[PDB]
4 protein chains.
Amino acid sequence: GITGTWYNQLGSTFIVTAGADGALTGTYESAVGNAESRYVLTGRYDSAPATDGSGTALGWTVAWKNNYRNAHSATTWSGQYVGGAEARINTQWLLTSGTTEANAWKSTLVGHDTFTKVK
Amino acid sequence: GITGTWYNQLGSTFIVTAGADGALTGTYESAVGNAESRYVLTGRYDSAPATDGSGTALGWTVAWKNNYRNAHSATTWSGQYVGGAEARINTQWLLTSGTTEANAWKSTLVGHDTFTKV
Amino acid sequence: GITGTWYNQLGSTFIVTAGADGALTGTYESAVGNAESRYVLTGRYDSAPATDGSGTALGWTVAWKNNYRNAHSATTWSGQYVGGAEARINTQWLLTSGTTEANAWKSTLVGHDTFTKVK
Amino acid sequence: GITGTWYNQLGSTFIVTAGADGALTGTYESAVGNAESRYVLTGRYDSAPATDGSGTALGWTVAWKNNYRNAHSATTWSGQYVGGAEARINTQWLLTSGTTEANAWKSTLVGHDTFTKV
Ligand SMILES: O=C(O)CCCCCNC(=O)CCCC[C@@H]1SC[C@@H]2NC(=O)N[C@@H]21
Ligand SMILES: O=C(O)CCCCCNC(=O)CCCC[C@@H]1SC[C@@H]2NC(=O)N[C@@H]21
Ligand SMILES: O=C(O)CCCCCNC(=O)CCCC[C@@H]1SC[C@@H]2NC(=O)N[C@@H]21
Ligand SMILES: O=C(O)CCCCCNC(=O)CCCC[C@@H]1SC[C@@H]2NC(=O)N[C@@H]21
């Protein structure tokens, strides 16, 4: 159910393929920030979820560098997939920028994104 | 400089290989929590950091399931690599557990880990 | 505009009074967790906001101990007030529990709450 | 044990008084960021921690505005006090800046600070 095209509240696009071994691979296109075009993403997910009523834990990373731009930063999203008629991935994320050692204290942003599956 | 064996402050070991295009691949062994043996890890890093003096942005994920246990959770570390004599990777992490909807508010833990090659 | 009664998506209630010196004082009643009745809250807010189109930065803390229960934990909410016809306080929070030194790594939860002002 | 003068790893000084019912009052002086002089701080702490061996839960807020500057932001630290010979306060913090709606996604920074009386 994870595999497919998803969009978040900002208009960003997340295209992912879930592998049988727990691997997530795909491309991400961000509606905001210092980004252009597609960026490679790689992640992991729990391929043997609990079967009560719980979500599937997962996470993925994107380094903001492709052939067109490099923002010297990486974002990791951690959250869970909640399947159903209306599938959603609720996340919390951390965006770290490469900084000198003096600005290190302000290298990391934190937010939350909710993704909606197309079709 | 990233490629290698790293250890954090809790006793975990992180073995990673950094590929030429920004890929991070390896295995993780946790010292705490519901965990036993190695777990596969994957991530990405800036394979062209700035030349000022800044660290190298990176991140990776470890889903806590292997052929022995499944804690139904995944951790993502976000931080930066800083080279030099005493190379370090400073990160902050988010641990999300699969939960029912009524427990989603307390699904995520947050912490910080410092990795060194010592 | 901050002063008043607010509710979040979980059904929790936040009654606050904003002082002229940047102080926030009031009571909080949580719909979830190890809590019962009212808990004292104290915080600070930027009493001289930018006047472009931006929110007002603020934060407050609640220690989960009152005369009825003690959860040995404290939550701090950090966010901004966005006034208007439909006033909202968008937050991110950290809940830390007192732990032994060995469980310290798992002492802190992180989430996000959106509050809606009544009337 | 909480009452006193504390310092973090960046050079900031935290002067607090802990009241009998759980109130935290004091002043903060930052060593980094847009900041100059002391800022008022208020918080709460568990005024009846458990007797096992656990730390004391606490939190406080500092709005970054005083009679000299206004960074239009507020930081909240959440963590715990651990007594003993080398008393420490370990925390994680969230720094939110007032933003326009189109910049709300990047309104909040997150970090961790360790305070000692040294
Ligand atoms: O590098 C700094 O110091 C930060 C500068 C401000 C933002 C610049 N942009 C970037 O670094 C890359 C864009 C990241 C986009 C973010 S990741 C979390 C959030 N979700 C989403 O779909 N888009 C945003
Ligand atoms: O504390 C508990 O066990 C209940 C809370 C839910 C978490 C359950 N999941 C786990 O314990 C999975 C293993 C995570 C261990 C973490 S990842 C962040 C930190 N760094 C490290 O090297 N080990 C710990
Ligand atoms: O103490 C632990 O180890 C955690 C145990 C699980 C939760 C127990 N509950 C508590 O500690 C106190 C309840 C806090 C309520 C939280 S604060 C953040 C969130 N917002 C809101 O309106 N309610 C919840
Ligand atoms: O890096 C910048 O200045 C742009 C990012 C927005 C933040 C603007 N606000 C400030 O700098 C206000 C002062 C915060 C300083 C922080 S609070 C967390 C950390 N601990 C400490 O003792 N000082 C720093």
# chains A, B, ... in the order shown; residues from 1 in each chain; ligands from 1
>>> residues_around(residues="residue 109 of chain D", least_positions_apart="6", cutoff="6 Å", atoms="only C-alpha atoms", output="number ranges by chain")
A: 108-110; D: 94-95
>>> write_last_selection(atoms="C-alpha atoms", output="compact mmCIF listing (two decimals), in the first residue's frame")
# COMPACT_ATOMS: atom_id res chain seq x y z
CA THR A 108 18.50 21.74 12.41
CA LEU A 109 14.85 22.48 11.59
CA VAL A 110 11.91 20.37 12.70
CA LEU D 94 12.59 24.15 20.26
CA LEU D 95 13.15 27.66 18.91
>>> select_by_dssp(residues="chain B", states="helix (DSSP H, G or I)", output="PyMOL selection string")
chain B and resi 101-106
>>> write_last_selection(atoms="C-alpha atoms", output="PDB file, in the first residue's frame")
ATOM      1  CA  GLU B 101      -4.819   6.018  16.064  1.00  0.00           C
ATOM      2  CA  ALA B 102      -5.590   6.758  19.706  1.00  0.00           C
ATOM      3  CA  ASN B 103      -1.890   6.563  20.589  1.00  0.00           C
ATOM      4  CA  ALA B 104      -0.506   8.428  17.608  1.00  0.00           C
ATOM      5  CA  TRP B 105       0.188  11.552  19.729  1.00  0.00           C
ATOM      6  CA  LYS B 106       2.886   9.656  21.645  1.00  0.00           C
TER       7      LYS B 106
END
>>> residues_near_ligand(ligand="ligand 3", cutoff="10 Å", atoms="only C-alpha atoms and all ligand atoms", output="JSON, numbers by chain")
{"B": [103, 105, 106, 107], "C": [7, 8, 9, 10, 11, 12, 13, 14, 28, 29, 30, 31, 32, 33, 34, 35, 36, 61, 62, 63, 64, 65, 69, 70, 71, 72, 73, 74, 75, 76, 77, 91, 92, 93, 94, 95, 96, 97, 98, 99, 103, 106, 107, 108, 109, 110, 111, 112, 113, 114, 115], "D": [57]}
>>> interface_residues(of="chain B", to="chain D", cutoff="8 Å", atoms="only C-alpha atoms", output="number ranges by chain")
B: 92, 111-112
>>> write_last_selection(atoms="C-alpha atoms", output="tab-separated table (two decimals), in the first residue's frame")
chain	number	residue	atom	x	y	z
B	92	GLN	CA	19.46	14.37	16.21
B	111	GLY	CA	17.04	12.49	20.87
B	112	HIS	CA	20.58	13.32	19.84
>>> select_by_dssp(residues="chain B", states="strand (DSSP E or B)", output="MDAnalysis selection string")
chainID B and resid 4:7 13:18 23:29 38:45 56:65 70:82 88:97 108:116
>>> closest_atom_pairs(of="chain D", to="chain C", cutoff="7 Å", atoms="only C-alpha atoms", output="CSV")
residue,atom,partner,partner_atom,distance
D:42,CA,C:43,CA,6.0
D:43,CA,C:61,CA,5.8
D:44,CA,C:63,CA,5.5
D:45,CA,C:63,CA,5.4
D:46,CA,C:63,CA,5.9
D:49,CA,C:72,CA,5.9
D:53,CA,C:100,CA,5.5
D:54,CA,C:100,CA,4.1
D:55,CA,C:98,CA,4.7
D:56,CA,C:98,CA,5.2
D:57,CA,C:98,CA,4.9
D:58,CA,C:74,CA,5.5
D:59,CA,C:61,CA,5.9
D:60,CA,C:61,CA,6.0
D:61,CA,C:43,CA,5.8
D:62,CA,C:44,CA,6.2
D:63,CA,C:44,CA,5.4
D:65,CA,C:46,CA,6.4
D:72,CA,C:46,CA,6.1
D:73,CA,C:57,CA,4.9
D:74,CA,C:58,CA,5.4
D:75,CA,C:78,CA,6.8
D:76,CA,C:76,CA,6.1
D:78,CA,C:76,CA,6.1
D:79,CA,C:96,CA,5.6
D:80,CA,C:98,CA,6.2
D:94,CA,C:78,CA,6.3
D:95,CA,C:78,CA,7.0
D:96,CA,C:79,CA,5.5
D:97,CA,C:57,CA,5.8
D:98,CA,C:55,CA,4.7
D:99,CA,C:54,CA,4.5
D:100,CA,C:54,CA,4.1
D:101,CA,C:54,CA,6.9
>>> write_last_selection(atoms="N, CA and C atoms", output="short mmCIF file (atom, residue, chain, number, x, y, z; two decimals), in the first residue's frame")
data_model
loop_
_atom_site.label_atom_id
_atom_site.label_comp_id
_atom_site.auth_asym_id
_atom_site.auth_seq_id
_atom_site.Cartn_x
_atom_site.Cartn_y
_atom_site.Cartn_z
N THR D 42 10.51 31.70 32.61
CA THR D 42 9.55 31.11 33.52
C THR D 42 9.35 29.67 33.12
N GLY D 43 9.04 28.83 34.09
CA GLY D 43 8.86 27.43 33.80
C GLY D 43 8.21 26.75 34.98
N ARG D 44 8.20 25.42 34.92
CA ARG D 44 7.61 24.56 35.94
C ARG D 44 8.47 23.32 36.05
N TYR D 45 8.42 22.67 37.21
CA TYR D 45 9.15 21.42 37.38
C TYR D 45 8.34 20.57 38.36
N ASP D 46 8.62 19.28 38.35
CA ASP D 46 7.96 18.33 39.21
C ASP D 46 8.51 18.59 40.59
N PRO D 49 9.36 14.62 42.67
CA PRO D 49 9.82 13.55 41.78
C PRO D 49 9.77 12.18 42.47
N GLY D 53 15.20 6.53 41.12
CA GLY D 53 16.51 7.12 40.92
C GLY D 53 16.46 8.18 39.82
N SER D 54 15.27 8.33 39.27
CA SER D 54 14.97 9.25 38.17
C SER D 54 15.25 10.73 38.36
N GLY D 55 15.46 11.40 37.23
CA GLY D 55 15.73 12.83 37.24
C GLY D 55 14.43 13.57 37.45
N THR D 56 14.52 14.87 37.65
CA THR D 56 13.36 15.71 37.88
C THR D 56 12.92 16.43 36.61
N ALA D 57 11.72 16.13 36.13
CA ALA D 57 11.18 16.75 34.92
C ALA D 57 10.93 18.24 35.10
N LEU D 58 11.34 19.00 34.09
CA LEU D 58 11.19 20.43 34.13
C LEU D 58 11.18 21.00 32.72
N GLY D 59 10.77 22.25 32.63
CA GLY D 59 10.74 22.95 31.36
C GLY D 59 10.63 24.43 31.65
N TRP D 60 11.05 25.24 30.68
CA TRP D 60 10.93 26.67 30.82
C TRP D 60 10.97 27.31 29.45
N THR D 61 10.56 28.57 29.43
CA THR D 61 10.47 29.35 28.23
C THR D 61 11.16 30.69 28.41
N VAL D 62 11.71 31.17 27.31
CA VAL D 62 12.36 32.47 27.26
C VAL D 62 11.90 33.07 25.94
N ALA D 63 11.21 34.20 25.99
CA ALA D 63 10.79 34.88 24.77
C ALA D 63 11.99 35.81 24.52
N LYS D 65 12.82 38.80 23.80
CA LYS D 65 12.58 40.23 23.76
C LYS D 65 12.89 40.82 25.14
N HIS D 72 11.94 38.34 17.91
CA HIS D 72 10.64 37.78 17.52
C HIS D 72 10.73 36.26 17.47
N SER D 73 10.96 35.67 18.63
CA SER D 73 11.09 34.24 18.75
C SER D 73 11.08 33.87 20.21
N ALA D 74 10.87 32.59 20.47
CA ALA D 74 10.81 32.06 21.82
C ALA D 74 11.39 30.66 21.84
N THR D 75 12.13 30.35 22.88
CA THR D 75 12.70 29.02 22.99
C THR D 75 12.11 28.34 24.23
N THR D 76 11.86 27.04 24.13
CA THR D 76 11.38 26.29 25.27
C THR D 76 12.36 25.13 25.42
N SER D 78 13.04 21.51 27.37
CA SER D 78 12.36 20.45 28.09
C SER D 78 13.44 19.43 28.42
N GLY D 79 13.47 19.00 29.68
CA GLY D 79 14.47 18.03 30.09
C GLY D 79 14.33 17.59 31.52
N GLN D 80 15.45 17.29 32.15
CA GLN D 80 15.37 16.85 33.52
C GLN D 80 16.62 17.17 34.29
N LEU D 94 13.30 23.75 21.47
CA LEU D 94 12.59 24.15 20.26
C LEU D 94 12.61 25.66 20.20
N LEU D 95 13.10 26.21 19.09
CA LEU D 95 13.15 27.66 18.91
C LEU D 95 12.23 28.02 17.75
N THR D 96 11.14 28.73 18.05
CA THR D 96 10.20 29.13 17.02
C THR D 96 10.27 30.61 16.76
N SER D 97 10.38 30.97 15.49
CA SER D 97 10.41 32.38 15.09
C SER D 97 9.05 32.76 14.54
N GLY D 98 8.66 34.01 14.73
CA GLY D 98 7.40 34.47 14.18
C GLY D 98 7.65 34.58 12.68
N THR D 99 6.78 33.96 11.88
CA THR D 99 6.94 33.99 10.43
C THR D 99 5.64 34.31 9.71
N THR D 100 5.76 34.59 8.41
CA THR D 100 4.59 34.83 7.60
C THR D 100 4.15 33.40 7.32
N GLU D 101 2.94 33.23 6.79
CA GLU D 101 2.45 31.90 6.54
C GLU D 101 3.26 31.10 5.56
#
>>> closest_residue(among="D:22, D:11, D:77, D:82", to="residue 47 of chain D", atoms="only C-alpha atoms")
D:22
>>> atom_distance(atom1="atom 24 (C, counted along the ligand's line) of ligand 1", atom2="atom CA of residue 18 of chain A")
22.0 Å
>>> residues_around(residues="residue 83 of chain C", least_positions_apart="2", cutoff="9 Å", atoms="only C-alpha atoms", output="list in words")
residues 1, 2, 55, 56, 81, 85, 86, 87, 88 and 89 of chain C
>>> write_last_selection(atoms="N, CA, C and O atoms", output="PDB file, in the first residue's frame")
ATOM      1  N   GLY C   1      -4.989  39.343  21.767  1.00  0.00           N
ATOM      2  CA  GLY C   1      -5.730  38.278  21.026  1.00  0.00           C
ATOM      3  C   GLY C   1      -5.418  36.898  21.572  1.00  0.00           C
ATOM      4  O   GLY C   1      -6.204  35.969  21.415  1.00  0.00           O
ATOM      5  N   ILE C   2      -4.269  36.764  22.227  1.00  0.00           N
ATOM      6  CA  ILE C   2      -3.849  35.491  22.784  1.00  0.00           C
ATOM      7  C   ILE C   2      -4.719  35.090  23.968  1.00  0.00           C
ATOM      8  O   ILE C   2      -5.128  33.936  24.078  1.00  0.00           O
ATOM      9  N   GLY C  55       3.309  35.679  12.560  1.00  0.00           N
ATOM     10  CA  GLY C  55       2.743  35.249  13.805  1.00  0.00           C
ATOM     11  C   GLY C  55       3.530  35.758  14.991  1.00  0.00           C
ATOM     12  O   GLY C  55       4.602  36.353  14.847  1.00  0.00           O
ATOM     13  N   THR C  56       2.980  35.522  16.178  1.00  0.00           N
ATOM     14  CA  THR C  56       3.613  35.965  17.399  1.00  0.00           C
ATOM     15  C   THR C  56       4.201  34.742  18.080  1.00  0.00           C
ATOM     16  O   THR C  56       3.480  33.790  18.409  1.00  0.00           O
ATOM     17  N   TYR C  81       1.270  32.381  17.430  1.00  0.00           N
ATOM     18  CA  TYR C  81      -0.143  32.757  17.405  1.00  0.00           C
ATOM     19  C   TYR C  81      -0.328  33.456  16.053  1.00  0.00           C
ATOM     20  O   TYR C  81       0.485  34.298  15.665  1.00  0.00           O
ATOM     21  N   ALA C  85      -9.537  36.501  11.734  1.00  0.00           N
ATOM     22  CA  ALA C  85     -10.933  36.177  11.995  1.00  0.00           C
ATOM     23  C   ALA C  85     -10.925  34.820  12.684  1.00  0.00           C
ATOM     24  O   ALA C  85     -11.649  34.596  13.688  1.00  0.00           O
ATOM     25  N   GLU C  86     -10.063  33.940  12.168  1.00  0.00           N
ATOM     26  CA  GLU C  86      -9.913  32.584  12.686  1.00  0.00           C
ATOM     27  C   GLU C  86      -8.533  32.398  13.358  1.00  0.00           C
ATOM     28  O   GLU C  86      -7.592  31.891  12.753  1.00  0.00           O
ATOM     29  N   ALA C  87      -8.439  32.806  14.624  1.00  0.00           N
ATOM     30  CA  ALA C  87      -7.185  32.729  15.368  1.00  0.00           C
ATOM     31  C   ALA C  87      -6.767  31.296  15.643  1.00  0.00           C
ATOM     32  O   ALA C  87      -7.589  30.494  16.046  1.00  0.00           O
ATOM     33  N   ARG C  88      -5.477  31.009  15.458  1.00  0.00           N
ATOM     34  CA  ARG C  88      -4.887  29.685  15.670  1.00  0.00           C
ATOM     35  C   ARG C  88      -3.505  29.806  16.347  1.00  0.00           C
ATOM     36  O   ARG C  88      -2.823  30.819  16.196  1.00  0.00           O
ATOM     37  N   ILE C  89      -3.107  28.773  17.091  1.00  0.00           N
ATOM     38  CA  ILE C  89      -1.769  28.746  17.686  1.00  0.00           C
ATOM     39  C   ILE C  89      -1.245  27.410  17.176  1.00  0.00           C
ATOM     40  O   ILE C  89      -1.791  26.366  17.524  1.00  0.00           O
TER      41      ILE C  89
END
>>> closest_residue(among="B:81, B:64, B:6, B:115", to="ligand 2", atoms="only C-alpha atoms and all ligand atoms")
B:64
>>> closest_residue(among="B:50, B:114, B:34, B:68", to="ligand 1", atoms="only C-alpha atoms and all ligand atoms")
B:50
>>> closest_residue(among="D:70, D:108, D:3, D:8", to="ligand 1", atoms="only C-alpha atoms and all ligand atoms")
D:108
